[PDB]
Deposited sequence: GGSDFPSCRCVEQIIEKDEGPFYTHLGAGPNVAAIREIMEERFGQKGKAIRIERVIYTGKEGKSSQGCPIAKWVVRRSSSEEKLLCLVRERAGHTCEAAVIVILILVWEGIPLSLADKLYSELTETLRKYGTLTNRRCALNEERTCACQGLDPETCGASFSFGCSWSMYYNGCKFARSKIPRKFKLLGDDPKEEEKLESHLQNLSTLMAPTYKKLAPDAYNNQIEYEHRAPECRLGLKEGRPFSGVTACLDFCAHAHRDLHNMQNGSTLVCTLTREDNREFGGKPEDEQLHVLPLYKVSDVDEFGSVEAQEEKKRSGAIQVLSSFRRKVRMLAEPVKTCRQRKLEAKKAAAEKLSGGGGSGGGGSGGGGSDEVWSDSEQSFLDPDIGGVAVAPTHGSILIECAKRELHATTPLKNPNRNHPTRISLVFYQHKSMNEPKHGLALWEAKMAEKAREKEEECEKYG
């Protein structure tokens, strides 16, 4: 209840002040002090974008040291003094899965998806004018998104598998059952590993996604009781333009596991290239977690908060909209950088890291790669989610069979 600004929700969760969040996260993660970093971010509502307008970052929150284990972005709600005055927006576990696992997933998923992977077009693959080339213009190499598990379907108002006699949640090109089983095993195993981390760090969101686990098990991933996830998307060097995951269930979240190219697996030192995760409607604070101006200035000079970097680069523009050859034009971010209130708070997720955010409510995006290449990607993101209305047994078979019966 409230009687006292951006989307309001508390399932990640929330408290009367920044200090309360620290207690909450210290309790959840188990460690105290340095291990947990909290950045205050400010919702401006003014979207950061290039002149074209594709995703851009204005600030990059980077892991400060090996000591930093948990990053939490918090939004202090303008004018509130209640028990949910400050809410958690993003949680990032730098050391999310074992590094040997992360190395092995990188290789295996890249190899499997490049040869047997089947494309999944998405509106967020393109800018508003549907004329950009953020993915790269080589069909064999361009960044791409692949969708697996279950997903919601307007045609059934439920799982897309409502008619499927034994559906293939991990359909690869053509036929090969053995390749699909191998891909299934990796992502099933990873789903299984990630659930307890999700329970631990975002229990309220985890609990919501678990409610109907026993009613619709056919629409859940994972091999062990506690199955919050329904679908997985693999994004290889994919530039996701600013969007919200509107199909996701209410009061849940998305877990994003990041895998990086081999030149970007050591703490510190720059790889080139690098893909960023962006909240285009936020700016960073004047002040650090505990309210010190000097402290936040130190982070800026040390690079824990990297202040970008207005650019003027050259890029491709398609002569005709994709609509569901090209010319060079130069892209600019001068205007987003002129306005202190135009947002673009980004994080640089590491190899093996796990990012938690309410992707349904928060506008978000990933930056385009300099030279996208899905066959040897700079970044692979593994995005775990549950869509709305995935609460019926057997992929909603009964419902549709019954709805068509009355006709």
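A.B. asks: Pop the missing stretches of the deposited sequence into a list, counting residues from 1 and keeping sequence order.
C.D. replies: Absent from the structure are positions 1-6, 11-18, 339-368, 452-463.
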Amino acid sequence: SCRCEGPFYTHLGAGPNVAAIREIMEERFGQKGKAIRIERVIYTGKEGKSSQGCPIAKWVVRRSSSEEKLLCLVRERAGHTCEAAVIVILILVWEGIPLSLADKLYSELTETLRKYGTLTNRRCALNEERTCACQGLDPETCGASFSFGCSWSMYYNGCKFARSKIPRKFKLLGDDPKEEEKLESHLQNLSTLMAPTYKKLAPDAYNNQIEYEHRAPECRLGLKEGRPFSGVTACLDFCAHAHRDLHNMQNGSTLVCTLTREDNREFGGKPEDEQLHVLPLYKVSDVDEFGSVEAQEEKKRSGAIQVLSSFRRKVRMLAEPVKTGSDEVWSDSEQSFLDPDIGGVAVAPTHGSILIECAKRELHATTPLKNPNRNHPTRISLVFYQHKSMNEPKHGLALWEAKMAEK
From here on, numbers count along this sequence of modelled residues.
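For the two forms, the rigid core is made up of the largest set of C-alpha atoms that agree within 1.5 Å on superposition.
A.B. asks: Comparing 264-272 with 148-156, which has C-alphas lying farther from the shown form in 5 other deposited structures of this protein once the core is aligned?
C.D. replies: Looking at 148-156 and 264-272 in 5 other deposited structures of this protein, the bigger mover is 264-272.
A.B. asks: Which has the higher mean CA temperature factor in the PDB entry, 26-34 or 350-358?
C.D. replies: Per the PDB record, 26-34.
A.B. asks: Of 156-164 and 193-201, which one has the bigger average CA B-factor?
C.D. replies: If you average the C-alpha B-factors of 193-201 and of 156-164, the larger mean comes out for 156-164.
A.B. asks: Report the option among 277, 77, 265, 244 whose CA atom has the maximum B-factor in the deposited record.
C.D. replies: Of the options given, 77 has the highest CA B-factor in the PDB entry.
A.B. asks: Using only the C-alpha B-factors in the record, can you name which of 143, 271, 222, 252 has the highest?
C.D. replies: Of the options given, 271 has the highest CA B-factor in the PDB entry.
A.B. asks: Ranking every modelled residue in this chain by its Cα temperature factor as given in the entry, which third contains residue 342?
C.D. replies: Middle third of the chain for residue 342's C-alpha B-factor.
A.B. asks: Quick one: classify residue 53 as lowest, middle or highest third of the chain based on its Cα B-factor.
C.D. replies: Its C-alpha B-factor, which the entry lists for residue 53, ranks in the highest third among residues of this chain.
A.B. asks: Could you look up the Cα B-factor of residue 65 in the entry and say which third of the chain it sits in: lowest, middle or highest?
C.D. replies: It belongs to the highest third of the chain when residues are ordered by C-alpha B-factor.
A.B. asks: By its CA B factor, does residue 169 count among the lowest, middle or highest third of the modelled residues in the chain?
C.D. replies: Its C-alpha B-factor, which the entry lists for residue 169, ranks in the middle third among residues of this chain.
A.B. asks: Sorting by Cα B-factor within the chain, modelled residues only, which third would residue 139 end up in: lowest, middle or highest?
C.D. replies: Residue 139: CA B-factor falls in the highest third of its chain.
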